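Visitor: Coordinates only, no sequence provided:
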């Protein structure tokens, strides 16, 4: 519960892995 390390590692792991799988996050506009 008070396991901030586990929590943030868990997040970063899942979240960054999801970032990889996402179709396109880079929707902000377009690089010139």
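Guide: Cool, the structure landed. Residues are numbered from 1 along each chain as shown.

Visitor: going forward, measure contacts and count neighbours with C-alpha atoms only.
Guide: Fine.

Visitor: Give me the contact list for the host helix or strand of residue 17.
Guide: Per DSSP states H and E: residue 17 is located in helix 4-21. Residues outside helix 4-21 that contact it (CA atoms under 8 Å, 6 or more residues apart in numbering) are residue 25.

Visitor: begin at 33 from here
Guide: Happy to do that; since the first residue is 33 now, the last one works out to helix 36-53.

Visitor: Tell me the backbone dihedrals of residue 58, please.
Guide: Main-chain dihedrals, residue 58, degrees, to the nearest 10: phi -80, psi 60.

Visitor: Just give me the neighbour total for it.
Guide: For residue 58, the neighbour count with other CA atoms under 10 Å is 9.

Visitor: now residue 56: how far from residue 50?
Guide: 11 Å (CA to CA, to the nearest Å).

Visitor: what about these two, which has more around it?
Guide: Taking other CA under 10 Å, residue 56 and residue 50 do not tie; residue 50 has more neighbours (11 against 8).

Visitor: how near is the more buried one to residue 57?
Guide: Distance, residue 50 to residue 57, using CA to CA: 10 Å.

Visitor: again, but for residue 43
Guide: Distance, residue 43 to residue 57, using CA to CA: 17 Å.

Visitor: Those two: which has the busier surroundings?
Guide: Higher neighbour count among residue 43 and residue 57: residue 43, with 12 against 9, using other CA under 10 Å.

Visitor: Good, wrapping up.
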